[PDB]
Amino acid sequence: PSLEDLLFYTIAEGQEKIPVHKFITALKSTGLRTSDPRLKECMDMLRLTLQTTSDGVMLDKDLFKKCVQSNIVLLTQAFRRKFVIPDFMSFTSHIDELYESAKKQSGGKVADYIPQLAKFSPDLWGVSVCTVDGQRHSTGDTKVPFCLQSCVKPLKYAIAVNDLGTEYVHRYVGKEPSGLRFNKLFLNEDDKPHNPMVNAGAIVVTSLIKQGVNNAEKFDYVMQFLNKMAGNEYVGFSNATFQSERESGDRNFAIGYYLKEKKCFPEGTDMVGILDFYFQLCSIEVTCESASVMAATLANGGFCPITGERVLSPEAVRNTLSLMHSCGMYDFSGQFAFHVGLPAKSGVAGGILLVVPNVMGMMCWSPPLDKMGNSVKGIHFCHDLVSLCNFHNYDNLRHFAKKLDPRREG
């Protein structure tokens, strides 16, 4: 009694076969998108079948088996409701309420220190969800590219710890928040930057990646790495933001020369080239949709959820989530850690890279920032989310009062 046939009848309702649209609809309702890389063969076999019989197609059991056999295990988990969020249709309904609610918060100031950022309209607002099992949901402007800015800091920290290990990386950068009044100091008592989530630390981290090769190859290697983290969804580069960040960033040059003088770089660092590498990394483009997959790689222990590929070592993933917890929303980090309890990372383009470990990854994006540098809609969304679901890090998974737990049906 084989899986492909049990599934066939589970979808077959006792009618002797299954219309293709009716398989596509049942698939989409599990959260999986028909373009999921892990479903390629199934979809290739489907489109081959719709070249044959162009009147239908209506699939019997061996023809259904013919398409679905290569992806049956992933399909059985989808259809039997084994994903981390079983009733994904209900849950994306709540995401949308949360989306509409936060959309009413028009406050904040679009970052304008740079013309590329000032140009973005304050009304742009998108939330994208990718769960640990590949369930996708978007609402809003989830396909408009924008710059990762400081959202790239946890990613490139991840890469560095991935390639070099925790111990090496933290020879050069701390692992604690500075305290709501060393905001302004570049270095802790040990003469290292306080953590990889602030600019001095991000800049040092940058000097660690793929040492020995030139900047063009370093950027290629980070790009190929982001490509894997996003399951080959959109990752681009904004040369306008780049040129302009590097002509309008005296603060970072001040940090660079400070780091150089205190001997904060590995031996042989070319500090002015590192800053230029840094500015490019800040100008990498993503969409809400592709950036949520990247977070979901981090929610999923370093496996990209829509491709199954191992992208980052668990160590790198745990360090990254750890520092995003305490250091990820700038001056709001401790408040965010207390009330939201989620690892998150914000950037000046208006994005919050949000990770719900073991559940989902998310990317919120609205250009208007509050006075601490965080997207107003983004922040408002993060508070709502944790007020709704027991996703706060220290919510209890058994006794969670009247909050909703999307991981369950009852």
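So that there is no doubt, residue numbering starts at 1 and follows the sequence shown.
S.K.: If you average the Cα B factors in the entry, which is higher, 136 to 144 or 152 to 160?
M.R.: Between 136 to 144 and 152 to 160, it is 136 to 144 that shows the higher mean C-alpha B-factor.
S.K.: Between 70 to 78 and 299 to 307, which has the larger average Cα B-factor in the PDB entry?
M.R.: The stretch with the larger average C-alpha B-factor is 70 to 78.
S.K.: From 118, 259, 272, 223, which pick has the Cα B-factor that tops the rest in the entry?
M.R.: When the deposited C-alpha B-factors of 118, 259, 272, 223 are compared, 118 is largest.
S.K.: In this PDB entry, which of 57, 344, 349, 379 has the top CA B-factor?
M.R.: Comparing C-alpha B-factors across 57, 344, 349, 379, the maximum falls on 57.
S.K.: Lowest, middle or highest third: where is residue 190 by Cα B-factor in its chain?
M.R.: CA B-factor rank for residue 190: highest third.
S.K.: Check where residue 46 lands among this chain's C-alpha B-factors and tell me if it's the lowest, middle or highest third.
M.R.: Within its chain, residue 46 is a highest-third residue by C-alpha B-factor, going by the deposited values.
S.K.: Taking the values exactly as deposited, rank residue 354 by C-alpha B-factor within its chain and report the matching third: lowest, middle or highest.
M.R.: It falls in the bottom third of the chain.
S.K.: Give the position of residue 180 by CA B-factor within its chain, expressed as the lowest, middle or highest third.
M.R.: For residue 180, the deposited C-alpha B-factor lands in the highest third.
S.K.: Residue 106's Cα B-factor: lowest, middle or highest third of the chain?
M.R.: Its C-alpha B-factor belongs to the highest third of this chain's values.
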